[PDB]
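As structure tokens, the next two blocks hold two forms of the same chain, structure 1 and structure 2.
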Structure 1
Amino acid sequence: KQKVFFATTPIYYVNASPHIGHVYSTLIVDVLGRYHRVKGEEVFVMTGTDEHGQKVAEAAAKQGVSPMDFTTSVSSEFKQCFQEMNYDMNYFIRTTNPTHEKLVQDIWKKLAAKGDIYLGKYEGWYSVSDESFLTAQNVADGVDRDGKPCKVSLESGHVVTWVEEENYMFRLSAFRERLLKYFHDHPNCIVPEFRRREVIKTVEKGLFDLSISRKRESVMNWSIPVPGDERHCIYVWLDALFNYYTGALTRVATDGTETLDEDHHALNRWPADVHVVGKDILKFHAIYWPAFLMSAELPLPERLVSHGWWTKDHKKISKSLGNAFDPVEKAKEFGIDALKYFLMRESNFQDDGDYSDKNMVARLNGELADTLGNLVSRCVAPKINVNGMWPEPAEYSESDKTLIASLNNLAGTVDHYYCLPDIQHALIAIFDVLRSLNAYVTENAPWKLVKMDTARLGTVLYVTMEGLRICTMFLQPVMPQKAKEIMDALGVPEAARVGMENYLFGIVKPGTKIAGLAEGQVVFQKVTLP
């Protein structure tokens, strides 16, 4: 029996409201989850909120709100945001969950029993905003928001602070050779490749050990206690990273109460097929996480996808900078599925780029309306599809066969890209075929064939409708609502919208009735900017 397809988003710090960055990483995971459901597999995808630590506690304090009231309120903003974006998540975790906290304590004890924890002292730089320890070569003299010179993080630009503190330490230095061997033996363990190489270069340079506790006072008593030593709290990142494992073990009851299995095998999710993260948290997921998993004797992730940043004026859209627009209001201004298409199509995982209304509308107008939407209207037009059904095809021409060949070859290309994963190129391939379907429809001028050559019109519509079906099927993960509207317009049976048996030309039975579209009605309304 196949493993359940398991993918995760980062768990987001609840220091402020969700923005387009969290909607983006959560979308990637939702798309992958949805494609594997469409393919016919068992799927479990999760997201959630990272609620402990100094960064969050200080955010709460700033609002004059208890951290539990604050984390609950702000966590709810993430849950509601994702519901508004019509994601199909299986599980939404909070690190304040009693099941998770106990799990993290059990993991602590496993790492201790292994001999990988000792008591020591951290004396060095810390970035509170990133909850990150920084070595001497990862800080630079800079300036803060008030013009006062200071040290800053070379990771994030944030102000760093000097910490001298008794901390429990994890023996990360001891995993150097084991990490290097994993990276080299699993050449697609981290994507894109240049980030894999960055991780290798870093690990080859040498690792220091890592502080995995803080004194409880330093985190304002808002972290999981170290089991057996309540003077210390567990480092927010050790707690947070193991959310994925808690997720792998979680059963959700009828009344929403959650329980953990004692190990991962029965639920059959672990390890993740894909962890999706921003490059901001690469070291945590590519260096610390596999080392923790090695200590704990758990299987390592198949693949880490670490992507770039959506920017504004070339600066990362960031909760800590306040340069974020409301992502749901944006989705509602321009269309939810149109936004989803734009995020997935405009971006590759290597590059940063500014969110642009102009670029988003250009794709909505030029691809979604002018290609996909146009194609749907053509296939269902009462004056073209006179009988409002899938016609029987007659003999195929060489031109027909060439198009049909592209249809049959699409699934291979799209399935391969969805599994890399490379969602941008999946969409480019789907739209390549959609542009051909439209050029095919124009070349065959079906409005002229009507009541003139019924046989031929039958072949042209059948081929086009099948092509439209196949392309739409593979767009269901990115635009699930519009894809369903299209499938419904065509009268495509529910059983024919999903399953690998439907990955080839010639599925729908001629005679099948289409629902069609109403008079002035379009799938994608075009937008003009001021």
Structure 2
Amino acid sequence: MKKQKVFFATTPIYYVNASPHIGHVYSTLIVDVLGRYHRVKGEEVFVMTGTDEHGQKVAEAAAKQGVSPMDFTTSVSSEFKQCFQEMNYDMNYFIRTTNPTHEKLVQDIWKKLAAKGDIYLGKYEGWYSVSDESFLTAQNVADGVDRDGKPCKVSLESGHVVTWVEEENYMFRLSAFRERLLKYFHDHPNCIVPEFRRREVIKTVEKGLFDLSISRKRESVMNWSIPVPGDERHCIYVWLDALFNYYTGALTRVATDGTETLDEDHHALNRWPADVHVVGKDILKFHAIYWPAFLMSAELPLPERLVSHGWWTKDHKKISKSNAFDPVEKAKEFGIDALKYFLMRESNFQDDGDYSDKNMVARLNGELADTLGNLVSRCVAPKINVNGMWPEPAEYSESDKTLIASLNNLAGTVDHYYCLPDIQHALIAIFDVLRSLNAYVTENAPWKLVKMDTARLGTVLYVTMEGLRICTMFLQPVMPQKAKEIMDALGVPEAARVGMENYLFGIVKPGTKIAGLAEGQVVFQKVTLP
């Protein structure tokens, strides 16, 4: 009576100094796809996102607009929740670091790290940037000019003003975890993807680590941060607070009235540790080195997999309102599912993808309409499927059996890619089979069979429709509205859409009614390039 661990995947929790943009939408889509695939696989799933709400920069922003920090972060937090509703994401849980359960948990974790002997009182001497919430070395700082045009120092990474600090702070003995980290990496060859970002991280740890500041003075962050337990002069640094959101989520019990309590430990909810943490390549180091070290100190199971991804450009340039890239607009223009497909198909996680209307139309026209939408039309066409039902197959030929084999072989390939995870190659493998299905319909010419060989027609349509069901089931994670549109048109019963029992050829009963497409209804239609 042992249960499988719940599938648990996370987005980063996002800063609330800006409205949701393409970066947050891409990270959340990746996680939404993984979650949806593991529900299609019939597993228990818990995927989470949320907002990173503490620190000086938020306090100064809430002052500027004369509302309380809590009021400012509630409002920006609500914009993230609204964006993720508009994008048709299925997040199980949306965390805020202002949540009392989270703020208590970070203090409990602080006490665990201290009780282990991993915290000491030291002193930072060097540069800090409120706007980056980051400590900087001398080689990452340069001359610039402040709001008043006075010569000053600036971040080479962000352009922001660099306040110099000579200040006591609590510290974490990261230097002590070098060997424990190298052995985690060595015993877990897939703990980081892509595999090369893993080699680069191993080398960073081999060069040795410095100890981390994990506090700032309460005055610095205007009391908008979690107090250090037992030393109210200091507040817990925003990154330590933020990283432990994933653990808070793993412990979070949500009653049917929406009230949230934390379990005492992770075992009963059976989510921890994460199957996948999804992050932008800029926060990879924090999740690959610092985060496991904190978890080692806290004696918690370590993450299974860290997945990093790139940043989108627009029109080979570099996104700037002055091109702009509003994914909510591009979804109104082309269709939400066509945009989700493009973002998951066009680039791998190693690369910085480039959006252009030209490449968007090439994939919508050439793959979604030409391959998938046209195959659906062919299967539910009244002139081809006269009875509007799944026919009885007759004897399969060698040709028929070659295709059935590729249908049975598809789940292994697609499951392997979704679990890697490599969503781009899952999609390529599904579309290889959708292209095969169109060639198979063409080769068999049902337009002839319908007035010549009813029995052979029954075979060709049964195989094609089963093929289409299998491919569509594996597209539900990426294009959930269009996938449902296809399953409804085909008359695939609800129970046949999800679960590993549906991963093989020959599920749907001959005599099942197809619903078809209504008169003006095309699943994907080619468009012009403007």
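If you superpose the two forms and keep the largest set of C-alpha atoms that fall within 1.5 Å, you have the rigid core. Every residue number counts along structure 1's sequence, beginning with 1.
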Only one of 261, 204, 193, 144 passes the 2 Å C-alpha shift threshold between structures 1 and 2 with the rigid core fixed, namely 144
Look at residue 346 and decide if its Cα position differs by 2 Å or more between structures 1 and 2 after superposing on the rigid core.
no
Rigid core superposition, residue 498 Cα moves 2 angstroms or more between structures 1 and 2
no
Is residue 121 displaced by at least 2 Å at its C-alpha between structures 1 and 2 when the rigid core is overlaid?
no
After lining up the core, report the Cα displacement of residue 525 between structures 1 and 2 in Å, one decimal place.
2.8
Once both forms are fitted on the core, what is the Cα shift for residue 314 between structures 1 and 2 in Å?
5.9
